[PDB]
Structures are given as structure tokens and as C-alpha cells.
Amino acid sequence: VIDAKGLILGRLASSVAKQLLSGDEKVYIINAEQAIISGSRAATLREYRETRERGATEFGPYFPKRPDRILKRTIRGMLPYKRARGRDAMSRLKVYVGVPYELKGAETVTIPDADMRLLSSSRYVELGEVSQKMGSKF
Amino acid sequence: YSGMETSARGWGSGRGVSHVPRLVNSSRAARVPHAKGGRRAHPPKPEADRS
Amino acid sequence: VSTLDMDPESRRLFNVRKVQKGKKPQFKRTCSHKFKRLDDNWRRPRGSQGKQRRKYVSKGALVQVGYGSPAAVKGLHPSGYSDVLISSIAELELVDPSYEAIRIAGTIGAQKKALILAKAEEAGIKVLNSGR
RNA sequence: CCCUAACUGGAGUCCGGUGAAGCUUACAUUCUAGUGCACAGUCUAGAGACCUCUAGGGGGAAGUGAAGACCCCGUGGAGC
RNA sequence: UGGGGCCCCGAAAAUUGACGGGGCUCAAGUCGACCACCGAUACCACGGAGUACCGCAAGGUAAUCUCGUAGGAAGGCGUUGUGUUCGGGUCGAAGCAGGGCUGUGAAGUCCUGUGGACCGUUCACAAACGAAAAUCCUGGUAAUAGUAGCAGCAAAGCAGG
RNA sequence: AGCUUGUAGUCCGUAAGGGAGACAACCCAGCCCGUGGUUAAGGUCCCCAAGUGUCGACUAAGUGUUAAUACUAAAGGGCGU
RNA sequence: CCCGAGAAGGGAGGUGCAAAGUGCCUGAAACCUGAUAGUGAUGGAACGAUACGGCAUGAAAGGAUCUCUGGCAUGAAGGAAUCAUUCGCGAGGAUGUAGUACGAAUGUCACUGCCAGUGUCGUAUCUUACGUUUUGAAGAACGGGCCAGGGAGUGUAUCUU
């Protein structure tokens, strides 16, 4: 159970993906809305609305909207998810907005190298902000 | 003239068939060494000298 | 039953050949699994663009003399004996049972095959194809 | 035609009987981009995609029909 | 004021898309250096095969031998028949389906079943001697497919027996 | 002009295997078979084997994350740093 | 003899060494029907090669110091770990431990009843068919639906070697 609050999105995703590929545990990620994406808010929002409205969304790419599902997608992009190994890895991963009631009070962990206070500037936005500006209710 | 006493001629192009000679009143191929009933290519010759 | 006369060098070469022939590929004609009109035997690839002729490793090994078995144990039966094809009773006298095993010809009738088996078993010669 | 509607009989649709032909190296549920003989369902990286069946018009398969009748070439022809 | 690094503006294209993708900001970018590791059939070591040359032979040498289209050269496998040597077969030949073993391989041999009368082998010699391709030929047979058609002819049949 | 026509070298043509996303000719490398080891090119956040490696700086533009290649936009300007 | 409308056909029952049962010797493949083995309605494609696993099979023709699992001896290239000292800003380096323990393999001694092979499926890496025309072929360049059989350097004369 990893707490995604104040964590770099890509670095948390890389850590969790490599742990899942090491393949001895089920990983739960809570407060996915509280993950951090470094860079200017305008640029991040522009790229994320481009990815959301890009594809042949009738029969093309289907980029998610909820922050937890977006984080799941980000981890999926760092996995061999078309393979049996990556399919098992994604099946062993659950991501939550906030803390689910069953995991409430459980002991969490944090990735020290994914911490947002190692960033050198204030040019960042939260995944929850990205999702709610793309129109996700959570 | 074994395999060769026919008057078969080719149909040419524009019919979906090989350019081999065919019978004048049928599609059966004739006279060519790879046609059924066609002549042997390079057969033994009675004029060959084996002495 | 008489033990093989195989000196330690021949034993080592026999085990080397066993290991290497365990790895030798089957050497089927290229694309023989794709057309039923094609046999499994080997034909040298000929086309300029053929991947197996170009020796793409993924396409399977080409026939090369590097796959030859060790010359001391080449042609030996996997039991270690030398295979000698016996087409009649009179050939049993030219074989010494120390390192040689006879294979009776497949078309030998039962009447002569029984006599050949009796003669081989009195001579001590090992037999590869008997009725057991 | 504006601008189409309803209706009639025959097909089609569904059922019983009868019963062909034409495309076909293979595989094949694809889509985007790139690459590649510079116009890819198969290569590369992504995105999708549970299977089977029925109906339907034809986007694509550079669909099928056909050794381009346009152009050139051939010390190839024919007629004038 | 001059000379420099990086970045910004200048900077507009057509299906949804390309740092390979995810993503990445004292970096997972750039610049100057450095450290450790991963990573070939390269190189090293062992074993084996073939090859070239030498050697009467045994064998010796090869860091200076081992990719290959057109193409040249050498040696082999297979088919059918001839001379010749030696054989096999109704106690089951050839052929056929499948399998075991050997050989780098062409292929050979054997086993099981089926089959019912012919078949090999030594040294040589011949050829109407080896097929995956020719919009190849002949024959057989699929997908298409229980599909199209069996609808203008022309009102086409119904009841009872 | 991925145009046309020369020249020297080397390649593809006829060149495997390893690496560059894929890549006829770009980098290592020319390659008999099997096994073990160490390397080349290239890479070491995940996909993907090995660094969320070290030191000193720069960049705030997702600029960039593109050896060569025709697959990478200029002149001009900036009291941006 | 039974079924069947039957002078069809089927079943049962015979003949014959063998149904070989009248277009009847042998009876391949394509194609089609069924059964068996594997897999299977979340799944990615030159249909395979290599390595390792699941399931099935493994009677003959393949192995019996053969298969499995260990011990011991010798072991080429290569070659640690840990710890001590020292250097470096640092990541780390050097020296010793140590060319040691190990190490392809070669022998030997126990243990074991399987292994090889075959079919299918799965995981990992690789590979865009084949022949041809081409500088360049997976090509949206040409050829083949499939299978069986047929299908292409021959003879005379003469010259040269």
C-alpha cells in the first residue's frame, strides 16, 4: 500500500512497475489524486487535454479521466501489459482516489526518491487538478 | 512425329490460360514436351551411333 | 553377452557425439511445414532472397560439415556397437562379436531368421533386430 | 426539381426442395504513426480488441475480370 | 561596449500519435570530466568436424584455413536398366501409413500394421535419371456454399374424389 | 532533388550475428559445430540485462529526451538566464 | 432368414488362404465424415528455430555405469565473496586474502527408474513466406487454391582442348 501523496508520477510509476515485475506482492496505491506532475500548469494541462481528446475515441485511444485510473494507465505504459507477465502485474495493482474504506488505517509506505520536495521549483500541478480540469468527478 | 502430329496452336494472351499450343477445337494442350500426350524432349534417336 | 571393446578415448568421443547429436537440428527443407506438397528431406536453399539461404539464425541451421560426429565413433550404433547389416547366414563369419552387432535384413524370412539367430547366439554376436 | 410521401405486382427478407460459378501462397479481430522499391491487416512503437451468427450499403483489401489498346523499345510484323 | 553557453520569439496543414512508448525538471535533458556494471557467433579456453599443404605411413603445421550471388573445380546420394559377383522372398517381395537408429546431407537401414509376388547386392557401364514454381499440362478435389439462380413470359390456381 | 554525371576508399549487390524502434549498404563484426568466460558497438528510471551512479555547472522552454544519413527550420531580435 | 414399397439397400449369415463382392489386385495425397491427444470464447498474425516448463504418449525398431540425484579427485580460459591497510571530493580504485574458494570438462564411487523421441499448448529471444524480375522484394511488382503424376543441355557432322 503506497501513498501517492506528494510523489512524482513517473518515478512512482517506475518504482511500482519494477516491484510488480519483481513479482512477489500486490500493490495498492491510495490518494492517486495527490500525485505530482512537475512542469508548468499550462503545459501539463495542454498535453493532457491533447492526450484526452486525441484519438479516434469512437474506435481509437480511450484515455481515462479519474486520477486513479490515469495513474493506472501511466503504470500500464511502463509494463509489458500485452504479455502474460504484464497482465499479471496489472491484475495485482489497485489504485484509489483517497483511501478506500477497507485499507483505512492500514500501514502505508512512501518512496523516498519519488518525494516531491526534491523538486527544485514550484512549477507543478496535481493529478487531481488535471483530472478535474479534464472533467472527472471523484 | 510421336506427340507431334497435331495442328495445335496457341490461344495467345487475353484468356487466362498458359500460352502453350492448344487443339484448334478444344482447350486440351498438345505437342509440347510438358503437355500430356506431348512429344518427348530429347529422346533416344535411332540415328545415334553407339558403336 | 560380451562387453564392448571401447577404450577410454573412444568412450569419451562416444559421449561427445551423444551430447552433440542431442543438439544437432533436424535439417528440414525450408518452409516444409507450410506446404504439404514438400517433403521433409534437405534441399539446399537456392533463391537470392531466401532468409535461410542468407542464414538468418531464426530460420534454422544450414547443413554444414561442422555438425559431423567425431570420426572415431562415426556410424556407431547408440549402444556402442558397429552396425553390420546381415543379409544371410554366411555373413556371420566375417564379424567379430567384440565390437560388432549384426542387424538382420528386414526381408529375411522367419525360417532363415531363426537359424541366423541360433548361429549368432552360439557365436556370441549381439543382435539388434531379433524377436523378443 | 424544391422534397419527398403513400400504395400496387415481381424480387429481396423468413421457410421446404433443388443447386452452380468467379478472386484464393499462408495467416488474419483491427486502428494511428513511422519505416520500407518513397501508397503496410502481417515490419517497428503505440492504441484497441471476448467469441459465433443474421441482415444491410459498398469505405479498404492500391478488390476481381485482362501478359496496358496511352508512351517508348524490338536492326518484330501488317496494310496503305 | 565586445566576445560566449543554454533557452525564448520569429514558428501556419490537413484521420488520432509519436523523444520507439510510458514518462522525465539540482533530470530519466544539455555541457565538461569520471566510476562501476550490462551487453555478440568478436576475443580467449576446452572439445569436435571439414579444409589446404607436407609426410611412404604414423602423423605434422594453420595468428597468417572455414561468409558468399553469377560462375569454375572436386567428391558423393538417389531412379531405371545391362554385364558380372554374392543373395533375399508365400515361415510373406515391391509398394503404402506411421515410427526407431545412423549419416552434415543427398539418403540408407530397421520396427509395427497393411499388402500378396517379386526384390536386392560387389565391381563397372548406360540413360527417355531426381521438380515447388513455367497466368505449366492431364486428372482428381476444396473454400466460395447449401450461397446465386429456379422472379419480365402472362391473372399461373382452389375444392372434392 | 532520395536529381544527373565523375573520381579515391569501403560497402550492399553476394554479408550472417550484436546494436541503433524498425533501417540493403550507419556502428561493432566478417560467420564451421558445442560448452564456459571476458569484451566491442551501444546502453544502464520502467518497458529491457545493467546506475533513480559520482563530481561541477547550465536549461523552465516538456526546449530536449535525434552519431552519420536528406528522416533534424532560417534571417533578425531578446533590460530570459 | 429379418427390416425395407422394393428384383434398391441394410442387417444377420455364408463362400474363399485372403472379400478381392463384379469400373472388384495394391489403394497414396488433396478433399470430406467421425474419434482420440493437446488447447480453447481477454486474444495478435510467415504458422517455424532455439532454450525451459504443463498435459498426453513413450510395445517394436533407441539407451541400462543408460536416466535421475549427490559425494570425491583432477581441472583450461576465467576467477570471486568477506574482511584488513591505503588512495580518491565522490561514485569507487589499489595491495593482501587469492590466482585461493570456484570453474567447461575429464575420471571415479554411490543413489535412482527413468531418459531419448513424438504430438499439442505455454513462457523467453529471434525471424515481414517461397521462386523470379530487380541497384533495391514482405511489397500496394509478377507466379502458384490444393494434391497426385508428367515436365527442360539431347544426337549427327566438324574444330579445339
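None of the figures in this text is laboratory data; all of them are computed from the coordinates on show. Using ideal geometry, Cβ is built from the backbone for each residue, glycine included, and neighbour counts are taken over all protein chains shown.
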Taking the range A:66-78 and keeping residues farther than 19 Å from A:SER136 by Cα and part of a loop (DSSP other than H, G, I, E, B) leaves A:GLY77, A:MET78
- Item | Test: residue in the range C:37-52 that is more than 30 Å from C:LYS119 (Cβ to Cβ) and either of a type in the set (A, V, I, L, M, F, W, C) or in contact (Cβ under 8 Å) with a residue 60 or more places away in the chain (or both) | yes
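Quick grid of which residues meet (1) assigned to a loop (DSSP other than H, G, I, E, B); (2) more than 13 Å from A:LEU9 (Cα to Cα):
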position: A:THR44; (1), (2): no, no
position: A:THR51; (1), (2): no, yes
position: A:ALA56; (1), (2): yes, yes
position: A:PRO64; (1), (2): yes, yes
position: A:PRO80; (1), (2): yes, yes
position: A:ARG85; (1), (2): no, yes
position: A:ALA89; (1), (2): no, yes
position: A:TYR101; (1), (2): yes, yes
For C:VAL57, the lone unmet condition from (1) in contact with a helix residue (DSSP H, G or I) (Cβ under 6 Å, 6 or more places away or on another chain); (2) among the aliphatic types (A, V, I, L, M); (3) within 16 Å of RNA strand D (Cβ to nearest atom) is (1)
Going residue by residue through the range C:102-124, is there one that turns out to be touching a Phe, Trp or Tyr at 6+ places or on another chain (Cβ under 7 Å) and part of a strand (DSSP E or B)? no
Exception for A:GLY60 within (1) within 11 Å of A:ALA4 (Cβ to Cβ); (2) not in a helix (DSSP H, G or I) falls at (1)
By residue number, the members of the range A:1-51 that are more than 16 Å from RNA strand D (Cβ to nearest atom), of a type in the set (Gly, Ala, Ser) and within 17 Å of A:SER91 (Cβ to Cβ) are A:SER22, A:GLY23
**OP:** With respect to A:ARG41, determine if the residue is away from every other protein chain (no Cβ under 14 Å), touching a residue at least 24 places away in the same chain (Cβ under 8 Å), over 16 Å from the mean Cα position of the chain (by Cα) and more than 9 Å from RNA strand E (Cβ to nearest atom).
**Re:** yes
Residue pairs within 6 Å by beta carbon, gap of at least six or interchain, first lying in the range C:1-23 and away from every other protein chain (no Cβ under 14 Å) and in contact (Cβ under 8 Å) with a residue 24 or more places away in the chain, second loosely packed, with under 12 Cβ neighbours inside 10 Å and among the small types (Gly, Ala, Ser), listed first then second, are C:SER2/C:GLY124
Residue set A:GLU33, A:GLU58, A:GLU47; condition over 18 Å from the mean Cα position of the chain (by Cα) and away from RNA strand G (no atom under 16 Å from the Cβ); output residue A:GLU58
Selection from the range B:21-32 of residues without any contact (Cβ under 8 Å) to a residue 24 or more places away in the chain and either of a type in the set (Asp, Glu) or surrounded by 11 or more Cβ atoms within 10 Å (Cβ to Cβ) (or both) yields B:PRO21, B:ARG22, B:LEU23, B:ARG28, B:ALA29, B:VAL32
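Yes/no per residue for (1) closer than 21 Å to A:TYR124 by Cβ; (2) exposed (fewer than 13 other Cβ atoms within 10 Å of the Cβ); (3) of a type outside the set (A, V, I, L, M, F, W, C); (4) near RNA strand E (Cβ under 8 Å from one of its atoms):
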site: A:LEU45; (1), (2), (3), (4): yes, no, no, no
site: A:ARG52; (1), (2), (3), (4): yes, no, yes, no
site: A:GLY55; (1), (2), (3), (4): no, yes, yes, yes
site: A:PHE59; (1), (2), (3), (4): no, yes, no, yes
site: A:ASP68; (1), (2), (3), (4): yes, no, yes, no
site: A:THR74; (1), (2), (3), (4): yes, no, yes, yes
site: A:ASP88; (1), (2), (3), (4): no, no, yes, no
Filtering the range C:76-101 down to residues that are surrounded by 12 or more Cβ atoms within 10 Å (Cβ to Cβ), within 8 Å of RNA strand E (Cβ to nearest atom) and more than 15 Å from C:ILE116 (Cα to Cα) yields C:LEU76, C:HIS77, C:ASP83
- Query: Yes or no: C:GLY131 without any contact (Cβ under 8 Å) to a residue 24 or more places away in the chain and within 16 Å of RNA strand F (Cβ to nearest atom)?
  - Reply: no
*asked:* Going by what's in this entry, would A:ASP24 be described as within 28 Å of A:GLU107 (Cβ to Cβ) and in contact with a helix residue (DSSP H, G or I) (Cβ under 9 Å, 6 or more places away or on another chain)?
replied: no
